[PDB]
$ cat input.pdb   # PDB, N, CA and C atoms
ATOM      1  N   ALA A   1       0.840  -1.230   0.000
ATOM      2  CA  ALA A   1       0.000   0.000   0.000
ATOM      3  C   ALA A   1       0.863   1.264   0.000
ATOM      4  N   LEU A   2       1.672   1.434   1.048
ATOM      5  CA  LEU A   2       2.547   2.599   1.165
ATOM      6  C   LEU A   2       3.913   2.209   1.738
ATOM      7  N   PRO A   3       4.964   2.993   1.426
ATOM      8  CA  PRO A   3       6.322   2.728   1.913
ATOM      9  C   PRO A   3       6.527   3.181   3.360
ATOM     10  N   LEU A   4       7.752   3.015   3.864
ATOM     11  CA  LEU A   4       8.083   3.409   5.235
ATOM     12  C   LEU A   4       8.003   4.929   5.407
ATOM     13  N   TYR A   5       8.034   5.383   6.663
ATOM     14  CA  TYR A   5       7.961   6.812   6.975
ATOM     15  C   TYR A   5       9.016   7.608   6.203
ATOM     16  N   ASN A   6       8.559   8.381   5.218
ATOM     17  CA  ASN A   6       9.450   9.200   4.398
ATOM     18  C   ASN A   6       8.942  10.640   4.318
ATOM     19  N   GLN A   7       7.750  10.815   3.746
ATOM     20  CA  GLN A   7       7.144  12.138   3.609
ATOM     21  C   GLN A   7       5.753  12.160   4.244
ATOM     22  N   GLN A   8       5.686  12.615   5.495
ATOM     23  CA  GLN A   8       4.419  12.683   6.221
ATOM     24  C   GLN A   8       4.046  14.131   6.541
ATOM     25  N   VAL A   9       3.020  14.637   5.857
ATOM     26  CA  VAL A   9       2.556  16.008   6.061
ATOM     27  C   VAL A   9       1.030  16.057   6.142
ATOM     28  N   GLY A  10       0.508  16.292   7.347
ATOM     29  CA  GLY A  10      -0.933  16.357   7.534
ATOM     30  C   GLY A  10      -1.329  16.783   8.937
ATOM     31  N   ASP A  11      -2.295  16.073   9.520
ATOM     32  CA  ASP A  11      -2.773  16.382  10.867
ATOM     33  C   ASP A  11      -2.281  15.344  11.883
ATOM     34  N   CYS A  12      -0.988  15.015  11.816
ATOM     35  CA  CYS A  12      -0.391  14.040  12.729
ATOM     36  C   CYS A  12       1.138  14.044  12.631
ATOM     37  N   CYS A  13       1.785  13.340  13.562
ATOM     38  CA  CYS A  13       3.245  13.249  13.598
ATOM     39  C   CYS A  13       3.698  12.016  14.393
ATOM     40  N   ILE A  14       4.996  11.938  14.696
ATOM     41  CA  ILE A  14       5.546  10.811  15.455
ATOM     42  C   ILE A  14       6.318  11.294  16.681
ATOM     43  N   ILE A  15       6.615  10.366  17.590
ATOM     44  CA  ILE A  15       7.339  10.691  18.816
ATOM     45  C   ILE A  15       8.151   9.497  19.324
ATOM     46  N   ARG A  16       9.238   9.792  20.031
ATOM     47  CA  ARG A  16      10.095   8.761  20.609
ATOM     48  C   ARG A  16      10.302   9.055  22.097
ATOM     49  N   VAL A  17       9.367   8.573  22.918
ATOM     50  CA  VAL A  17       9.401   8.800  24.365
ATOM     51  C   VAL A  17      10.409   7.895  25.082
ATOM     52  N   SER A  18      10.919   8.386  26.213
ATOM     53  CA  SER A  18      11.878   7.641  27.028
ATOM     54  C   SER A  18      11.750   8.031  28.502
ATOM     55  N   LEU A  19      11.481   7.045  29.355
ATOM     56  CA  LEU A  19      11.337   7.292  30.789
ATOM     57  C   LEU A  19      12.691   7.198  31.495
ATOM     58  N   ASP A  20      12.966   8.159  32.379
ATOM     59  CA  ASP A  20      14.232   8.187  33.112
ATOM     60  C   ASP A  20      14.093   8.933  34.445
ATOM     61  N   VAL A  21      13.367   8.330  35.386
ATOM     62  CA  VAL A  21      13.164   8.927  36.708
ATOM     63  C   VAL A  21      12.950   7.844  37.769
ATOM     64  N   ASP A  22      11.725   7.326  37.854
ATOM     65  CA  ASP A  22      11.394   6.282  38.821
ATOM     66  C   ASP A  22      11.286   4.911  38.142
ATOM     67  N   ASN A  23      11.175   4.908  36.810
ATOM     68  CA  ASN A  23      11.067   3.669  36.045
ATOM     69  C   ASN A  23      12.041   3.679  34.866
ATOM     70  N   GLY A  24      13.118   2.904  34.988
ATOM     71  CA  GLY A  24      14.118   2.834  33.932
ATOM     72  C   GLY A  24      13.688   1.949  32.778
ATOM     73  N   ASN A  25      12.801   2.472  31.931
ATOM     74  CA  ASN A  25      12.301   1.725  30.779
ATOM     75  C   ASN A  25      13.011   2.146  29.492
ATOM     76  N   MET A  26      12.959   1.275  28.486
ATOM     77  CA  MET A  26      13.593   1.543  27.196
ATOM     78  C   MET A  26      12.776   2.538  26.364
ATOM     79  N   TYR A  27      13.377   3.013  25.269
ATOM     80  CA  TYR A  27      12.725   3.972  24.373
ATOM     81  C   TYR A  27      11.450   3.386  23.763
ATOM     82  N   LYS A  28      10.440   4.235  23.584
ATOM     83  CA  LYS A  28       9.168   3.816  22.996
ATOM     84  C   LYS A  28       8.624   4.908  22.075
ATOM     85  N   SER A  29       8.144   4.521  20.896
ATOM     86  CA  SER A  29       7.605   5.490  19.943
ATOM     87  C   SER A  29       6.115   5.728  20.185
ATOM     88  N   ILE A  30       5.711   6.994  20.108
ATOM     89  CA  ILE A  30       4.318   7.382  20.319
ATOM     90  C   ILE A  30       3.796   8.208  19.142
ATOM     91  N   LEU A  31       2.516   8.033  18.812
ATOM     92  CA  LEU A  31       1.903   8.771  17.707
ATOM     93  C   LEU A  31       1.522  10.187  18.141
ATOM     94  N   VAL A  32       1.600  11.131  17.204
ATOM     95  CA  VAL A  32       1.271  12.529  17.486
ATOM     96  C   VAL A  32       0.145  13.029  16.582
ATOM     97  N   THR A  33      -0.660  13.953  17.103
ATOM     98  CA  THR A  33      -1.773  14.526  16.347
ATOM     99  C   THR A  33      -1.488  15.984  15.976
ATOM    100  N   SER A  34      -2.370  16.572  15.167
ATOM    101  CA  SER A  34      -2.218  17.964  14.736
ATOM    102  C   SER A  34      -2.249  18.918  15.929
ATOM    103  N   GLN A  35      -3.259  18.762  16.788
ATOM    104  CA  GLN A  35      -3.403  19.610  17.969
ATOM    105  C   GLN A  35      -3.118  18.824  19.251
ATOM    106  N   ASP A  36      -1.973  18.142  19.279
ATOM    107  CA  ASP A  36      -1.571  17.351  20.441
ATOM    108  C   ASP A  36      -1.262  18.251  21.641
ATOM    109  N   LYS A  37      -1.559  17.757  22.843
ATOM    110  CA  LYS A  37      -1.324  18.521  24.071
ATOM    111  C   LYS A  37      -0.647  17.666  25.143
ATOM    112  N   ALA A  38      -0.135  18.331  26.184
ATOM    113  CA  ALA A  38       0.545  17.655  27.295
ATOM    114  C   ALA A  38      -0.197  16.394  27.756
ATOM    115  N   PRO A  39      -1.484  16.517  28.162
ATOM    116  CA  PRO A  39      -2.281  15.372  28.624
ATOM    117  C   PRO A  39      -2.231  14.195  27.650
ATOM    118  N   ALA A  40      -2.294  14.497  26.351
ATOM    119  CA  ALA A  40      -2.242  13.466  25.319
ATOM    120  C   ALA A  40      -0.846  12.847  25.231
ATOM    121  N   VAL A  41       0.187  13.681  25.373
ATOM    122  CA  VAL A  41       1.572  13.209  25.322
ATOM    123  C   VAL A  41       1.825  12.163  26.401
ATOM    124  N   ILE A  42       1.547  12.530  27.654
ATOM    125  CA  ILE A  42       1.742  11.623  28.783
ATOM    126  C   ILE A  42       0.797  10.425  28.691
ATOM    127  N   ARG A  43      -0.443  10.671  28.258
ATOM    128  CA  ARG A  43      -1.432   9.602  28.114
ATOM    129  C   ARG A  43      -0.961   8.572  27.088
ATOM    130  N   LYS A  44      -0.661   9.038  25.874
ATOM    131  CA  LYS A  44      -0.184   8.159  24.806
ATOM    132  C   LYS A  44       1.143   7.502  25.195
ATOM    133  N   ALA A  45       1.997   8.258  25.892
ATOM    134  CA  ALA A  45       3.291   7.747  26.336
ATOM    135  C   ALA A  45       3.114   6.651  27.388
ATOM    136  N   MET A  46       2.177   6.865  28.318
ATOM    137  CA  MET A  46       1.898   5.889  29.373
ATOM    138  C   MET A  46       1.379   4.578  28.777
ATOM    139  N   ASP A  47       0.570   4.683  27.718
ATOM    140  CA  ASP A  47       0.026   3.500  27.052
ATOM    141  C   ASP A  47       1.161   2.620  26.533
ATOM    142  N   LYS A  48       2.150   3.253  25.896
ATOM    143  CA  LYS A  48       3.310   2.537  25.370
ATOM    144  C   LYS A  48       4.224   2.091  26.511
ATOM    145  N   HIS A  49       4.342   2.939  27.537
ATOM    146  CA  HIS A  49       5.164   2.641  28.705
ATOM    147  C   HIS A  49       4.293   2.116  29.849
ATOM    148  N   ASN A  50       3.446   1.132  29.544
ATOM    149  CA  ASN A  50       2.556   0.546  30.546
ATOM    150  C   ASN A  50       3.327  -0.391  31.484
ATOM    151  N   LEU A  51       4.350   0.156  32.143
ATOM    152  CA  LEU A  51       5.177  -0.605  33.076
ATOM    153  C   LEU A  51       5.508   0.249  34.299
ATOM    154  N   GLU A  52       4.522   0.399  35.190
ATOM    155  CA  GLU A  52       4.678   1.208  36.401
ATOM    156  C   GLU A  52       4.888   2.690  36.052
ATOM    157  N   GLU A  53       4.455   3.083  34.847
ATOM    158  CA  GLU A  53       4.591   4.462  34.383
ATOM    159  C   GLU A  53       3.263   4.973  33.811
ATOM    160  N   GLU A  54       2.192   4.840  34.597
ATOM    161  CA  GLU A  54       0.862   5.272  34.171
ATOM    162  C   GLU A  54       0.334   6.418  35.042
ATOM    163  N   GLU A  55       0.889   7.613  34.842
ATOM    164  CA  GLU A  55       0.471   8.798  35.592
ATOM    165  C   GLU A  55       0.412  10.019  34.669
ATOM    166  N   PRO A  56      -0.788  10.341  34.146
ATOM    167  CA  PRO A  56      -0.985  11.475  33.227
ATOM    168  C   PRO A  56      -0.549  12.818  33.814
ATOM    169  N   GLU A  57      -0.997  13.105  35.035
ATOM    170  CA  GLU A  57      -0.667  14.365  35.703
ATOM    171  C   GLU A  57       0.455  14.183  36.730
ATOM    172  N   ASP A  58       1.535  13.517  36.318
ATOM    173  CA  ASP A  58       2.674  13.281  37.203
ATOM    174  C   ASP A  58       3.979  13.108  36.418
ATOM    175  N   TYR A  59       4.097  13.783  35.270
ATOM    176  CA  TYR A  59       5.301  13.669  34.447
ATOM    177  C   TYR A  59       5.697  14.997  33.796
ATOM    178  N   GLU A  60       6.936  15.041  33.312
ATOM    179  CA  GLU A  60       7.483  16.210  32.633
ATOM    180  C   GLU A  60       7.807  15.854  31.182
ATOM    181  N   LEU A  61       7.743  16.842  30.294
ATOM    182  CA  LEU A  61       8.020  16.605  28.879
ATOM    183  C   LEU A  61       9.332  17.250  28.439
ATOM    184  N   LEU A  62      10.336  16.412  28.186
ATOM    185  CA  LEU A  62      11.648  16.879  27.740
ATOM    186  C   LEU A  62      11.911  16.420  26.305
ATOM    187  N   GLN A  63      12.914  17.006  25.648
ATOM    188  CA  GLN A  63      13.239  16.626  24.270
ATOM    189  C   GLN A  63      14.709  16.864  23.935
ATOM    190  N   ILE A  64      15.261  15.965  23.121
ATOM    191  CA  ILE A  64      16.650  16.048  22.681
ATOM    192  C   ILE A  64      16.707  16.368  21.186
ATOM    193  N   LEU A  65      17.231  17.547  20.848
ATOM    194  CA  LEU A  65      17.321  17.975  19.452
ATOM    195  C   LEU A  65      18.728  18.463  19.099
ATOM    196  N   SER A  66      18.903  18.882  17.844
ATOM    197  CA  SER A  66      20.191  19.387  17.368
ATOM    198  C   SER A  66      20.377  20.836  17.802
ATOM    199  N   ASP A  67      19.502  21.712  17.308
ATOM    200  CA  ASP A  67      19.548  23.127  17.662
ATOM    201  C   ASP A  67      19.142  23.308  19.125
ATOM    202  N   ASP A  68      18.176  22.498  19.564
ATOM    203  CA  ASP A  68      17.701  22.531  20.941
ATOM    204  C   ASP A  68      18.187  21.285  21.683
ATOM    205  N   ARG A  69      19.519  21.166  21.790
ATOM    206  CA  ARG A  69      20.187  20.031  22.452
ATOM    207  C   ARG A  69      19.257  19.270  23.399
ATOM    208  N   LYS A  70      18.810  19.935  24.464
ATOM    209  CA  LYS A  70      17.909  19.314  25.432
ATOM    210  C   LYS A  70      16.981  20.353  26.062
ATOM    211  N   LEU A  71      15.675  20.111  25.956
ATOM    212  CA  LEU A  71      14.667  21.015  26.511
ATOM    213  C   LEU A  71      13.750  20.278  27.488
ATOM    214  N   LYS A  72      13.196  21.011  28.455
ATOM    215  CA  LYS A  72      12.301  20.421  29.449
ATOM    216  C   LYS A  72      11.088  21.316  29.703
ATOM    217  N   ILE A  73       9.899  20.762  29.474
ATOM    218  CA  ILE A  73       8.649  21.489  29.679
ATOM    219  C   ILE A  73       7.821  20.833  30.787
ATOM    220  N   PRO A  74       7.247  21.645  31.699
ATOM    221  CA  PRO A  74       6.433  21.142  32.821
ATOM    222  C   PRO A  74       5.132  20.468  32.369
ATOM    223  N   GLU A  75       4.268  20.152  33.342
ATOM    224  CA  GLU A  75       2.982  19.498  33.074
ATOM    225  C   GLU A  75       2.210  20.187  31.942
ATOM    226  N   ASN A  76       2.359  21.508  31.827
ATOM    227  CA  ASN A  76       1.674  22.271  30.778
ATOM    228  C   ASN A  76       2.441  22.193  29.449
ATOM    229  N   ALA A  77       2.767  20.972  29.023
ATOM    230  CA  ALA A  77       3.501  20.757  27.777
ATOM    231  C   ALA A  77       2.587  20.809  26.545
ATOM    232  N   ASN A  78       1.675  21.784  26.516
ATOM    233  CA  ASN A  78       0.770  21.956  25.381
ATOM    234  C   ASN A  78       1.521  22.602  24.216
ATOM    235  N   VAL A  79       2.397  23.555  24.546
ATOM    236  CA  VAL A  79       3.204  24.252  23.544
ATOM    237  C   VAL A  79       4.485  23.471  23.216
ATOM    238  N   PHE A  80       4.758  22.411  23.992
ATOM    239  CA  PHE A  80       5.942  21.573  23.791
ATOM    240  C   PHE A  80       6.079  21.140  22.327
ATOM    241  N   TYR A  81       4.955  20.776  21.707
ATOM    242  CA  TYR A  81       4.950  20.338  20.313
ATOM    243  C   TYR A  81       5.386  21.455  19.362
ATOM    244  N   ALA A  82       5.001  22.693  19.668
ATOM    245  CA  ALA A  82       5.362  23.840  18.833
ATOM    246  C   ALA A  82       6.833  24.247  19.006
ATOM    247  N   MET A  83       7.526  23.643  19.978
ATOM    248  CA  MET A  83       8.930  23.962  20.234
ATOM    249  C   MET A  83       9.854  22.787  19.907
ATOM    250  N   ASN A  84       9.495  21.592  20.379
ATOM    251  CA  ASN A  84      10.308  20.395  20.149
ATOM    252  C   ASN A  84      10.262  19.928  18.687
ATOM    253  N   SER A  85       9.167  20.228  17.982
ATOM    254  CA  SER A  85       9.021  19.816  16.583
ATOM    255  C   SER A  85       9.861  20.692  15.649
ATOM    256  N   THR A  86      11.183  20.533  15.723
ATOM    257  CA  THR A  86      12.102  21.300  14.880
ATOM    258  C   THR A  86      12.833  20.386  13.892
ATOM    259  N   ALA A  87      13.293  19.230  14.377
ATOM    260  CA  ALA A  87      14.003  18.265  13.538
ATOM    261  C   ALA A  87      13.818  16.843  14.067
ATOM    262  N   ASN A  88      14.360  16.585  15.259
ATOM    263  CA  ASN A  88      14.251  15.273  15.894
ATOM    264  C   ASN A  88      12.992  15.191  16.761
ATOM    265  N   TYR A  89      12.689  13.993  17.264
ATOM    266  CA  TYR A  89      11.511  13.795  18.108
ATOM    267  C   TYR A  89      11.812  12.862  19.288
ATOM    268  N   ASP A  90      13.020  12.981  19.845
ATOM    269  CA  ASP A  90      13.423  12.159  20.984
ATOM    270  C   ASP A  90      13.092  12.870  22.289
ATOM    271  N   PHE A  91      11.857  12.695  22.749
ATOM    272  CA  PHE A  91      11.407  13.336  23.974
ATOM    273  C   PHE A  91      11.492  12.394  25.174
ATOM    274  N   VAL A  92      11.876  12.958  26.315
ATOM    275  CA  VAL A  92      12.012  12.196  27.551
ATOM    276  C   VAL A  92      10.812  12.427  28.467
ATOM    277  N   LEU A  93      10.181  11.333  28.883
ATOM    278  CA  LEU A  93       9.027  11.396  29.772
ATOM    279  C   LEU A  93       9.471  11.143  31.213
ATOM    280  N   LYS A  94       9.820  12.217  31.918
ATOM    281  CA  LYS A  94      10.289  12.113  33.301
ATOM    282  C   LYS A  94       9.140  12.263  34.298
ATOM    283  N   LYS A  95       9.054  11.336  35.251
ATOM    284  CA  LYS A  95       8.003  11.376  36.265
ATOM    285  C   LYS A  95       8.310  12.424  37.337
ATOM    286  N   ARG A  96       7.255  13.030  37.876
ATOM    287  CA  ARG A  96       7.387  14.047  38.916
ATOM    288  C   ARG A  96       7.893  13.422  40.220
ATOM    289  N   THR A  97       9.207  13.492  40.433
ATOM    290  CA  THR A  97       9.828  12.930  41.633
ATOM    291  C   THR A  97      10.676  13.978  42.362
TER     292      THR A  97
END
$ encode --input "input.pdb" --output "structure tokens"
Amino acid sequence: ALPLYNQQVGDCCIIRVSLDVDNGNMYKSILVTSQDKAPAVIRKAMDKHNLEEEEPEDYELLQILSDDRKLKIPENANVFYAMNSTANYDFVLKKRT
């Protein structure tokens, strides 16, 4: 039907979440929407990281990029998508500890 992720332009995106606080879990990819928000980020991330890491209102949204080496946004990571979406999508899901 279609090839691997090459040219994706519409009302969605991709994400690569990673937990590093109270639960040392491996990297996990999460789907992104056009109007994605903090609650959705942690929610979708928790679904993929369903290993003692299921707390929507208990995590922080960080990201590792080229121009933005490493950024960290609080629970209100609604604008996180408008900042982290520059090149890479390696975001860190840190629990509130």
$ residues_around --input "input.pdb" --residues "stretch 33-50 of chain A" --least-positions-apart "5" --cutoff "10 Å" --atoms "only C-alpha atoms" --output "ChimeraX atom specification"
/A:10-19,23,25-28,55-61,73-82,91-95
$ write_last_selection --input "input.pdb" --atoms "N, CA and C atoms" --output "short mmCIF file (atom, residue, chain, number, x, y, z; two decimals), in the frame of the given file"
data_model
loop_
_atom_site.label_atom_id
_atom_site.label_comp_id
_atom_site.auth_asym_id
_atom_site.auth_seq_id
_atom_site.Cartn_x
_atom_site.Cartn_y
_atom_site.Cartn_z
N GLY A 10 0.51 16.29 7.35
CA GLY A 10 -0.93 16.36 7.53
C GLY A 10 -1.33 16.78 8.94
N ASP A 11 -2.30 16.07 9.52
CA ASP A 11 -2.77 16.38 10.87
C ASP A 11 -2.28 15.34 11.88
N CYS A 12 -0.99 15.02 11.82
CA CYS A 12 -0.39 14.04 12.73
C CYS A 12 1.14 14.04 12.63
N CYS A 13 1.78 13.34 13.56
CA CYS A 13 3.24 13.25 13.60
C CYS A 13 3.70 12.02 14.39
N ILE A 14 5.00 11.94 14.70
CA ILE A 14 5.55 10.81 15.46
C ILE A 14 6.32 11.29 16.68
N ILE A 15 6.62 10.37 17.59
CA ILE A 15 7.34 10.69 18.82
C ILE A 15 8.15 9.50 19.32
N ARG A 16 9.24 9.79 20.03
CA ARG A 16 10.10 8.76 20.61
C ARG A 16 10.30 9.06 22.10
N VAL A 17 9.37 8.57 22.92
CA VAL A 17 9.40 8.80 24.36
C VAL A 17 10.41 7.90 25.08
N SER A 18 10.92 8.39 26.21
CA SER A 18 11.88 7.64 27.03
C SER A 18 11.75 8.03 28.50
N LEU A 19 11.48 7.04 29.36
CA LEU A 19 11.34 7.29 30.79
C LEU A 19 12.69 7.20 31.50
N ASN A 23 11.18 4.91 36.81
CA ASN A 23 11.07 3.67 36.04
C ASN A 23 12.04 3.68 34.87
N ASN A 25 12.80 2.47 31.93
CA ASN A 25 12.30 1.72 30.78
C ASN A 25 13.01 2.15 29.49
N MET A 26 12.96 1.27 28.49
CA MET A 26 13.59 1.54 27.20
C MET A 26 12.78 2.54 26.36
N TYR A 27 13.38 3.01 25.27
CA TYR A 27 12.72 3.97 24.37
C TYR A 27 11.45 3.39 23.76
N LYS A 28 10.44 4.24 23.58
CA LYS A 28 9.17 3.82 23.00
C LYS A 28 8.62 4.91 22.08
N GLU A 55 0.89 7.61 34.84
CA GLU A 55 0.47 8.80 35.59
C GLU A 55 0.41 10.02 34.67
N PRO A 56 -0.79 10.34 34.15
CA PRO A 56 -0.98 11.48 33.23
C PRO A 56 -0.55 12.82 33.81
N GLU A 57 -1.00 13.10 35.03
CA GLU A 57 -0.67 14.36 35.70
C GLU A 57 0.46 14.18 36.73
N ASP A 58 1.54 13.52 36.32
CA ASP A 58 2.67 13.28 37.20
C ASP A 58 3.98 13.11 36.42
N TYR A 59 4.10 13.78 35.27
CA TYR A 59 5.30 13.67 34.45
C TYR A 59 5.70 15.00 33.80
N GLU A 60 6.94 15.04 33.31
CA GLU A 60 7.48 16.21 32.63
C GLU A 60 7.81 15.85 31.18
N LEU A 61 7.74 16.84 30.29
CA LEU A 61 8.02 16.60 28.88
C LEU A 61 9.33 17.25 28.44
N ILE A 73 9.90 20.76 29.47
CA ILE A 73 8.65 21.49 29.68
C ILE A 73 7.82 20.83 30.79
N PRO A 74 7.25 21.64 31.70
CA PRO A 74 6.43 21.14 32.82
C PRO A 74 5.13 20.47 32.37
N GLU A 75 4.27 20.15 33.34
CA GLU A 75 2.98 19.50 33.07
C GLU A 75 2.21 20.19 31.94
N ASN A 76 2.36 21.51 31.83
CA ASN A 76 1.67 22.27 30.78
C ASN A 76 2.44 22.19 29.45
N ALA A 77 2.77 20.97 29.02
CA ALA A 77 3.50 20.76 27.78
C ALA A 77 2.59 20.81 26.54
N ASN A 78 1.68 21.78 26.52
CA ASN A 78 0.77 21.96 25.38
C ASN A 78 1.52 22.60 24.22
N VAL A 79 2.40 23.56 24.55
CA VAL A 79 3.20 24.25 23.54
C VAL A 79 4.49 23.47 23.22
N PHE A 80 4.76 22.41 23.99
CA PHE A 80 5.94 21.57 23.79
C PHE A 80 6.08 21.14 22.33
N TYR A 81 4.96 20.78 21.71
CA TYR A 81 4.95 20.34 20.31
C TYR A 81 5.39 21.46 19.36
N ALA A 82 5.00 22.69 19.67
CA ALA A 82 5.36 23.84 18.83
C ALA A 82 6.83 24.25 19.01
N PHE A 91 11.86 12.70 22.75
CA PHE A 91 11.41 13.34 23.97
C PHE A 91 11.49 12.39 25.17
N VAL A 92 11.88 12.96 26.32
CA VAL A 92 12.01 12.20 27.55
C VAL A 92 10.81 12.43 28.47
N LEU A 93 10.18 11.33 28.88
CA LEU A 93 9.03 11.40 29.77
C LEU A 93 9.47 11.14 31.21
N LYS A 94 9.82 12.22 31.92
CA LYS A 94 10.29 12.11 33.30
C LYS A 94 9.14 12.26 34.30
N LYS A 95 9.05 11.34 35.25
CA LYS A 95 8.00 11.38 36.26
C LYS A 95 8.31 12.42 37.34
#
$ atom_distance --input "input.pdb" --atom1 "atom C of residue A:53" --atom2 "atom N of residue A:88"
24.5 Å
$ select_by_dssp --input "input.pdb" --residues "chain A" --states "strand (DSSP E)" --output "ChimeraX atom specification"
/A:12-18,28-33,59-64,70-73,90-95
$ atom_distance --input "input.pdb" --atom1 "atom N of residue A:90" --atom2 "atom C of residue A:4"
17.3 Å
$ atom_distance --input "input.pdb" --atom1 "atom N of residue A:5" --atom2 "atom N of residue A:52"
29.2 Å
$ resolve_selection --input "input.pdb" --expression "the PyMOL selection byres ((chain A and resi 66) around 8)" --output "list in words"
residues 63, 64, 65, 67, 68, 69, 70, 86, 87, 88 and 89 of chain A
$ closest_residue --input "input.pdb" --among "A:96, A:3, A:51, A:84" --to "residue A:24" --atoms "only C-alpha atoms"
A:51
$ select_by_dssp --input "input.pdb" --residues "chain A" --states "alpha helix (DSSP H)" --output "ChimeraX atom specification"
/A:38-48,80-84
$ build_atoms --input "input.pdb" --residues "stretch 17-28 of chain A" --atoms "N, CA, C and O atoms" --output "PDB file, keeping the file's coordinate frame"
ATOM      1  N   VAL A  17       9.367   8.573  22.918  1.00  0.00           N
ATOM      2  CA  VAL A  17       9.401   8.800  24.365  1.00  0.00           C
ATOM      3  C   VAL A  17      10.409   7.895  25.082  1.00  0.00           C
ATOM      4  O   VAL A  17      10.698   6.783  24.635  1.00  0.00           O
ATOM      5  N   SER A  18      10.919   8.386  26.213  1.00  0.00           N
ATOM      6  CA  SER A  18      11.878   7.641  27.028  1.00  0.00           C
ATOM      7  C   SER A  18      11.750   8.031  28.502  1.00  0.00           C
ATOM      8  O   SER A  18      11.891   9.201  28.857  1.00  0.00           O
ATOM      9  N   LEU A  19      11.481   7.045  29.355  1.00  0.00           N
ATOM     10  CA  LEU A  19      11.337   7.292  30.789  1.00  0.00           C
ATOM     11  C   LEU A  19      12.691   7.198  31.495  1.00  0.00           C
ATOM     12  O   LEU A  19      13.471   6.278  31.237  1.00  0.00           O
ATOM     13  N   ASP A  20      12.966   8.159  32.379  1.00  0.00           N
ATOM     14  CA  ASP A  20      14.232   8.187  33.112  1.00  0.00           C
ATOM     15  C   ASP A  20      14.093   8.933  34.445  1.00  0.00           C
ATOM     16  O   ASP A  20      14.637  10.026  34.620  1.00  0.00           O
ATOM     17  N   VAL A  21      13.367   8.330  35.386  1.00  0.00           N
ATOM     18  CA  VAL A  21      13.164   8.927  36.708  1.00  0.00           C
ATOM     19  C   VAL A  21      12.950   7.844  37.769  1.00  0.00           C
ATOM     20  O   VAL A  21      13.882   7.484  38.489  1.00  0.00           O
ATOM     21  N   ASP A  22      11.725   7.326  37.854  1.00  0.00           N
ATOM     22  CA  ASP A  22      11.394   6.282  38.821  1.00  0.00           C
ATOM     23  C   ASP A  22      11.286   4.911  38.142  1.00  0.00           C
ATOM     24  O   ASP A  22      11.305   3.877  38.813  1.00  0.00           O
ATOM     25  N   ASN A  23      11.175   4.908  36.810  1.00  0.00           N
ATOM     26  CA  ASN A  23      11.067   3.669  36.045  1.00  0.00           C
ATOM     27  C   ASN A  23      12.041   3.679  34.866  1.00  0.00           C
ATOM     28  O   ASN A  23      11.823   4.378  33.874  1.00  0.00           O
ATOM     29  N   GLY A  24      13.118   2.904  34.988  1.00  0.00           N
ATOM     30  CA  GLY A  24      14.118   2.834  33.932  1.00  0.00           C
ATOM     31  C   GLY A  24      13.688   1.949  32.778  1.00  0.00           C
ATOM     32  O   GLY A  24      14.148   0.813  32.655  1.00  0.00           O
ATOM     33  N   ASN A  25      12.801   2.472  31.931  1.00  0.00           N
ATOM     34  CA  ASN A  25      12.301   1.725  30.779  1.00  0.00           C
ATOM     35  C   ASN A  25      13.011   2.146  29.492  1.00  0.00           C
ATOM     36  O   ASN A  25      13.589   3.232  29.413  1.00  0.00           O
ATOM     37  N   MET A  26      12.959   1.275  28.486  1.00  0.00           N
ATOM     38  CA  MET A  26      13.593   1.543  27.196  1.00  0.00           C
ATOM     39  C   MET A  26      12.776   2.538  26.364  1.00  0.00           C
ATOM     40  O   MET A  26      11.635   2.864  26.707  1.00  0.00           O
ATOM     41  N   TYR A  27      13.377   3.013  25.269  1.00  0.00           N
ATOM     42  CA  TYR A  27      12.725   3.972  24.373  1.00  0.00           C
ATOM     43  C   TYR A  27      11.450   3.386  23.763  1.00  0.00           C
ATOM     44  O   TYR A  27      11.391   2.195  23.450  1.00  0.00           O
ATOM     45  N   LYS A  28      10.440   4.235  23.584  1.00  0.00           N
ATOM     46  CA  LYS A  28       9.168   3.816  22.996  1.00  0.00           C
ATOM     47  C   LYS A  28       8.624   4.908  22.075  1.00  0.00           C
ATOM     48  O   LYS A  28       8.643   6.086  22.427  1.00  0.00           O
TER      49      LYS A  28
END
